[PDB]
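As a starting point, one isolated chain is supplied in structure tokens, in the form deposited in one PDB entry.
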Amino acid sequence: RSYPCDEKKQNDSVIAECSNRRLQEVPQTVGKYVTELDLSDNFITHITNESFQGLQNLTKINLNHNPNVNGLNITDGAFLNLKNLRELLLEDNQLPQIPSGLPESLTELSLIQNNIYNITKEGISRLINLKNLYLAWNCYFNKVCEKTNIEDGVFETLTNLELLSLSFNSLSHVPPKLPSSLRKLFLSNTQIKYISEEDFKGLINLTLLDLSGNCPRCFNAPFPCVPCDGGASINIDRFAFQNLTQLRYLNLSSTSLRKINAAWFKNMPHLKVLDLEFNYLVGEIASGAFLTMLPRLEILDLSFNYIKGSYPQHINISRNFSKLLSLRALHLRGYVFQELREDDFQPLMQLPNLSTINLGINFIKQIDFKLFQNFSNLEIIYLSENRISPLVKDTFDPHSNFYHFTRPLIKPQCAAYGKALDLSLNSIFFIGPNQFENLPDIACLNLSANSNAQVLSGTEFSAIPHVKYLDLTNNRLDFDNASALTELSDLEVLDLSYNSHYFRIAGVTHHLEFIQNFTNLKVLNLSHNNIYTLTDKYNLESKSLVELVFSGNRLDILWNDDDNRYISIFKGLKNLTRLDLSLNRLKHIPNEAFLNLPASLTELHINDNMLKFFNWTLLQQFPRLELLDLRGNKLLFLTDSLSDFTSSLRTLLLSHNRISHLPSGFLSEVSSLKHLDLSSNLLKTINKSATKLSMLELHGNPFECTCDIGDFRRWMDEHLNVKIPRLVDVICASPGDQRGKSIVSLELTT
């Protein structure tokens, strides 16, 4: 670690981190060692020939977000210097023009979120070895520019260009004279309404094309959005893509398509993913004209093609959907329909490869759960945000994808265990006794936020006893009855976060006895169940359990139990490694209670409590403990003799406490501490009296910079490997002459 840039080594290339250090010029310490430089989130506004000299070993400069609040001054040839400069990022800098005078060694140039309106030869016709060029957000509702002007041939010379991102800019036409070497052409939100034959004449190599937000369909647009001539459509000629033989991805989101010409995929048997969401294509879904041309598609998205004023009975799926033999996921979010039958999805049932169906936000009230058994390999069923009821009787970031969320539908940690079903945000206020009948073998089940008030008695998941991951978060479930969920003999993950039932009985209040007949349950989350009361004893004997979260409960109220009934409330869980006691409003954990914790614990969090006094001396029973998180507490003091107490602990987060005095016998035991966190306490000074540590957090402590402090800065220098995060945020409170400056940029003994 040198000041002002924390330094670390990756590969045979030294990287320098000077981001968010608030500096106003190119730093000084940066040795010729450095090869990739990071300068983002600063207050720099000047870049000269002198800024970058001597460093010639540099291949890269980050430099985005400068200054942070005219723009940022770049001098003709301030970079012409370095013959190693590969990548050069300059996003969000308020640049008026394209840096005049630039290195040829440049491969990947970024220039987005600036004020470049002229695109000129004088700027970029020299960077031949340019590969990836980004230029989104440059004439995007600035009104000091009608069109992003591009001068002819500004792309025909950059013969090594693979990627061009002109998305989110104001062009009316498609830039002529591009290089045939192109592979990705991003042009979203560019205001193109006419697409010619010529526009894409001879990019025979192009793989991805992105034409969204052209004539948008402003459902929930996270940015300025303006529709075409009423319900007007982006107008695409049939021979627009004749040449585009090599092509995997097509994103035609928000174009307001009504009719899909099927002449477009005539010469393109390649295409792997089609995005046709936020359009008007209900007719085309039903009359699948193009649906014939796509045998190698694996993912299809037709989401938010719903018609205003409409709520059909059923969803009209063309037969031409059985020509989609390669499909692996289908995305049908927000058609909006009332009932799904076996019939309606008939065309998809003889599709061999289809493994995800996405039906969320379709506000559907009834589905035949049988119809899902006629699939040959499905393990994702997403039905979130529909109106399924209890069943009775019947046996900002531009680097992102705006039109298609890339987060997993289900949690991987769940989609692991087998077939995943998501019934979250539905109307299942209790569990109908027919709720699960005709369901495939379910491994992963989400019932999140159904305000489900079901008394559980162990009957309810009988149709599906083979569940592993079950998520019941945000519900009003009762499980005072000990038979509760016990049908689920294979269950490993129970997520019961935030549950208040409606059947409090006195002396039955909370009854966890039901945990004990699990032979296989590993993760148990009971956060925010507001338990202040057990009628099950303190013995919860289970060797299955590894991790228990017990946040948002009332541990205090239990441990003030006047007859002392609640001491070993966790002893029985012998195999517990991780435990979580945060937000239980704890003041004094009685000594005998703390000593009755699984001797097996690896992590222990008692943070965001009200803790005053910690009896450190009790850490001797916990010899596997690697992490102790005591953050957000009212702790004053630290044991002078940590030696006596532990030799297993690796991480000790203490921040947001009221620690004034850091004692003398720190590092008295082989403390195994690589990571020590003391930031946001009440430290005036660190004495002299106080090599295995790589991290120390001190930021935001009232430092008293008097020379009395200078012992510490000698230690910060003898021991130079131990990194301090945001050094520049460890500051002087005092004295007056000092208040504001960093401990490190401090002229000492004067």
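Whichever C-alpha set is largest while still superposing within 1.5 Å between the two forms counts as the rigid core. Numbers for residues come from their place in the sequence shown, where the first is 1.
- Where the other entries of this protein model the residues before and after it, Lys574 is kept in all of them rather than dropped from a third.
- Among other deposited entries of this protein with both flanking residues present, none omit coordinates for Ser742; it is modelled throughout, well short of a third.
- The gap between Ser400 and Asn401 holds no unmodelled residues of the deposited sequence.
- According to the PDB entry, the deposited sequence runs on from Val30 to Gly31 with no residue lacking coordinates between them.
- Judged by mean Cα B factor in the deposited record, 595 to 603 ranks above the other of 217 to 225 and 595 to 603.
- If you average the C-alpha B-factors over 528 to 536 and over 304 to 312, the higher value belongs to 528 to 536.
- Comparing C-alpha B-factors across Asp580, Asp562, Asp629, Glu460 in the deposited entry, the largest value falls on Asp562.
- Per the PDB record, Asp394 has a higher Cα B-factor than any other of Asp394, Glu342, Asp275, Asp677.
- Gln350: CA B factor in the middle third of modelled residues in this chain (values from the PDB entry).
- When the modelled residues of the chain are ordered by C-alpha B-factor, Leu548 sits in the lowest third.
- Ranked within its chain, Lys684 lands in the lowest third, by CA B factor from the PDB record.
- Compared with the other modelled residues of the chain, the Cα B-factor recorded for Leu23 ranks in the highest third.
- Ranked within its chain, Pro725 lands in the highest third, by CA B factor from the PDB record.
One more form of this protein exists, namely the form deposited in another entry; it is left out here, but the text below deals with it.
- Once the core is superposed between the shown form and the other one, every option in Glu541, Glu151, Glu156, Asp441 stays below 2 Å in C-alpha shift except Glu541.
- Once both forms are overlaid on the rigid core, the distance between the two CA positions of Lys674 between the shown form and the other one is 2 angstroms or more.
- A movement of the C-alpha atom of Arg328 falling short of 2 angstroms is seen between the shown form and the other one when the two forms are aligned on their rigid core.
- The Cα position of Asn62 differs by less than 2 Å between the shown form and the other one after fitting on the rigid core.
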